[PDB]
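K.L.:
Just passing along the structure, written as structure tokens.
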Amino acid sequence: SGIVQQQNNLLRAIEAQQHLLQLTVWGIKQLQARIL
Amino acid sequence: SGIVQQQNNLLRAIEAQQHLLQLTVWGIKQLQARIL
Amino acid sequence: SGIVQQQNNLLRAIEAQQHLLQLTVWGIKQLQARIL
Amino acid sequence: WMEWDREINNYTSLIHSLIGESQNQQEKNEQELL
Amino acid sequence: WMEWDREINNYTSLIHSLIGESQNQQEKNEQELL
Amino acid sequence: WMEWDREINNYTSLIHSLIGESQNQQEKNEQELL
């Protein structure tokens with residue numbers, strides 16, 4: 001049970017990190033557009 | 001069995017996220033070189 | 001035991017990935033400040 | 001940058017897929033606890 | 001860009017919380033091994 | 001930026017190591033299922 005709960009915790013962290021990554025990608029594309 | 005499978009799933013996601021991160025790093029480096 | 005250890009492994013990887021993300025955010029902010 | 005763009009797309013899709021199947025497996029593991 | 005900064009701040013806080021919780025749960029699962 | 005590049009390098013190496021260790025442990029856990 002503790003292990004299954006922990007897996008949920010990890011999965012949620014991975015999901016939140018994915019949102020962050022997608023935000024960094026958007027940012028890079030914005031800059032790239034203005035810089036080139 | 002289900003837990004081990006899930007761990008494989010999570011590790012694979014972490015690995016794929018790392019590749020994305022390396023791509024963002026590359027992008028940032030290209031941009032700063034054009035600038036600073 | 002191996003399962004719990006693997007969870008430690010994965011969590012540590014997520015933590016390290018987070019440091020990396022934070023660094024990419026810093027970089028993007030620096031660029032945006034200049035390039036705009 | 002054209003290739004960067006292709007790889008960004010490719011890894012983003014893969015991640016979305018892995019997250020999807022992890023979610024399914026999570027549900028399964030949760031049921032099995034009962 | 002204004003929204004971008006808002007979301008960055010929001011997800012960063014969320015992750016810090018999740019990492020925190022996971023840390024607590026790791027300790028307790030580690031304890032339970034004994 | 002000079003420090004940024006150093007930190008990127010440092011964290012990338014660590015992640016690589018953690019991933020490797022996890023890969024090893026995954027394969028151990030997999031054999032133990034039998």
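In the structure tokens, each chain is lettered A, B, ... as it comes, each chain's residues begin at 1, and ligands are numbered from 1 in order of appearance.
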Compute the set of chain A residues within 8 Å of chain B, using only C-alpha atoms, and express it as an mmCIF file with C-alpha atoms, in the first residue's frame.
P.N.:
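And here's result05.cif as it stands now:
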data_model
loop_
_atom_site.group_PDB
_atom_site.id
_atom_site.type_symbol
_atom_site.label_atom_id
_atom_site.label_comp_id
_atom_site.auth_asym_id
_atom_site.auth_seq_id
_atom_site.Cartn_x
_atom_site.Cartn_y
_atom_site.Cartn_z
ATOM 1 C CA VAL A 4 1.481 1.973 -4.469
ATOM 2 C CA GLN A 7 4.183 5.330 -7.136
ATOM 3 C CA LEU A 10 6.158 9.835 -8.351
ATOM 4 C CA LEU A 11 3.822 9.779 -11.260
ATOM 5 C CA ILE A 14 6.604 13.386 -13.426
ATOM 6 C CA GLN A 18 6.203 17.624 -17.902
ATOM 7 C CA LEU A 21 9.134 21.268 -19.671
ATOM 8 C CA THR A 24 10.315 25.924 -21.229
ATOM 9 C CA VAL A 25 9.792 24.748 -24.788
ATOM 10 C CA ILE A 28 12.489 28.878 -26.271
ATOM 11 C CA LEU A 31 12.851 33.697 -28.187
ATOM 12 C CA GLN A 32 14.002 31.826 -31.221
ATOM 13 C CA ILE A 35 16.092 36.232 -32.399
#
K.L.:
Near residue E:20, within 12 Å and counting only C-alpha atoms, which residues show up once chain neighbours fewer than 2 positions away are dropped, as an MDAnalysis selection string?
P.N.:
(chainID A and resid 6 9:10 13) or (chainID C and resid 11:12 14:15) or (chainID E and resid 13:18 22:27)
K.L.:
Generate the output file for the selected residues, N, CA, C and O atoms, as a JSON list (two decimals), in the first residue's frame.
P.N.:
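File produced: result.json:
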[["chain", "number", "residue", "atom", "x", "y", "z"],
["A", 6, "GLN", "N", 3.30, 5.62, -3.08],
["A", 6, "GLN", "CA", 4.52, 6.27, -3.50],
["A", 6, "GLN", "C", 4.62, 6.33, -5.02],
["A", 6, "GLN", "O", 5.08, 7.30, -5.55],
["A", 9, "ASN", "N", 2.64, 9.24, -6.11],
["A", 9, "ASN", "CA", 3.40, 10.44, -5.84],
["A", 9, "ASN", "C", 4.43, 10.70, -6.93],
["A", 9, "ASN", "O", 4.59, 11.79, -7.35],
["A", 10, "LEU", "N", 5.14, 9.68, -7.35],
["A", 10, "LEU", "CA", 6.16, 9.84, -8.35],
["A", 10, "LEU", "C", 5.56, 10.16, -9.69],
["A", 10, "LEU", "O", 6.08, 10.96, -10.40],
["A", 13, "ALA", "N", 4.60, 13.75, -9.84],
["A", 13, "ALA", "CA", 5.75, 14.62, -9.96],
["A", 13, "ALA", "C", 6.22, 14.65, -11.41],
["A", 13, "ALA", "O", 6.56, 15.66, -11.92],
["C", 11, "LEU", "N", 13.07, 8.62, -7.33],
["C", 11, "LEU", "CA", 12.86, 9.89, -6.69],
["C", 11, "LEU", "C", 14.09, 10.76, -6.79],
["C", 11, "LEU", "O", 13.98, 11.91, -7.01],
["C", 12, "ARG", "N", 15.26, 10.19, -6.63],
["C", 12, "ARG", "CA", 16.48, 10.94, -6.74],
["C", 12, "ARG", "C", 16.67, 11.46, -8.15],
["C", 12, "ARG", "O", 17.19, 12.52, -8.35],
["C", 14, "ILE", "N", 14.25, 12.24, -10.20],
["C", 14, "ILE", "CA", 13.28, 13.31, -10.37],
["C", 14, "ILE", "C", 13.77, 14.59, -9.71],
["C", 14, "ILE", "O", 13.53, 15.64, -10.18],
["C", 15, "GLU", "N", 14.47, 14.46, -8.60],
["C", 15, "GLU", "CA", 15.02, 15.60, -7.90],
["C", 15, "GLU", "C", 16.11, 16.25, -8.73],
["C", 15, "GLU", "O", 16.16, 17.43, -8.83],
["E", 13, "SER", "N", 6.06, 25.21, -7.48],
["E", 13, "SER", "CA", 5.62, 25.01, -6.12],
["E", 13, "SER", "C", 4.99, 23.67, -5.97],
["E", 13, "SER", "O", 5.14, 23.03, -4.98],
["E", 14, "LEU", "N", 4.26, 23.25, -6.97],
["E", 14, "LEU", "CA", 3.60, 21.97, -6.93],
["E", 14, "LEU", "C", 4.61, 20.83, -6.87],
["E", 14, "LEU", "O", 4.45, 19.91, -6.15],
["E", 15, "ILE", "N", 5.65, 20.92, -7.66],
["E", 15, "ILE", "CA", 6.67, 19.91, -7.69],
["E", 15, "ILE", "C", 7.42, 19.83, -6.40],
["E", 15, "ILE", "O", 7.75, 18.78, -5.95],
["E", 16, "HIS", "N", 7.70, 20.97, -5.80],
["E", 16, "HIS", "CA", 8.42, 20.99, -4.56],
["E", 16, "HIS", "C", 7.57, 20.27, -3.53],
["E", 16, "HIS", "O", 8.07, 19.54, -2.74],
["E", 17, "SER", "N", 6.27, 20.49, -3.56],
["E", 17, "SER", "CA", 5.38, 19.82, -2.62],
["E", 17, "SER", "C", 5.35, 18.31, -2.83],
["E", 17, "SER", "O", 5.42, 17.55, -1.89],
["E", 18, "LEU", "N", 5.25, 17.90, -4.08],
["E", 18, "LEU", "CA", 5.22, 16.49, -4.42],
["E", 18, "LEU", "C", 6.50, 15.79, -4.07],
["E", 18, "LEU", "O", 6.48, 14.68, -3.64],
["E", 22, "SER", "N", 6.84, 12.81, -1.37],
["E", 22, "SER", "CA", 7.47, 11.57, -1.75],
["E", 22, "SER", "C", 8.60, 11.24, -0.83],
["E", 22, "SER", "O", 8.84, 10.12, -0.57],
["E", 23, "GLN", "N", 9.30, 12.25, -0.36],
["E", 23, "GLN", "CA", 10.39, 12.05, 0.55],
["E", 23, "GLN", "C", 9.85, 11.47, 1.86],
["E", 23, "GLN", "O", 10.41, 10.55, 2.41],
["E", 24, "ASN", "N", 8.76, 12.01, 2.35],
["E", 24, "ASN", "CA", 8.18, 11.52, 3.58],
["E", 24, "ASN", "C", 7.76, 10.08, 3.40],
["E", 24, "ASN", "O", 7.97, 9.26, 4.25],
["E", 25, "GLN", "N", 7.13, 9.79, 2.27],
["E", 25, "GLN", "CA", 6.69, 8.45, 2.02],
["E", 25, "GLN", "C", 7.83, 7.45, 1.84],
["E", 25, "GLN", "O", 7.68, 6.31, 2.14],
["E", 26, "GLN", "N", 8.96, 7.91, 1.36],
["E", 26, "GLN", "CA", 10.10, 7.04, 1.18],
["E", 26, "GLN", "C", 10.64, 6.63, 2.51],
["E", 26, "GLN", "O", 10.92, 5.50, 2.71],
["E", 27, "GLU", "N", 10.75, 7.58, 3.41],
["E", 27, "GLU", "CA", 11.22, 7.32, 4.76],
["E", 27, "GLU", "C", 10.31, 6.30, 5.44],
["E", 27, "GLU", "O", 10.76, 5.39, 6.07]]
K.L.:
Work out how far atom CA of residue F:28 is from atom CA of residue C:5, in Å to one decimal.
P.N.:
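Result for atom CA of residue C:5 versus atom CA of residue F:28: 11.1 Å, one decimal.
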K.L.:
Tell me, in Å to one decimal, how far atom CA of residue F:6 is from atom CA of residue F:19.
P.N.:
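According to the coordinates, atom CA of residue F:6 and atom CA of residue F:19 are separated by 20.2 Å.
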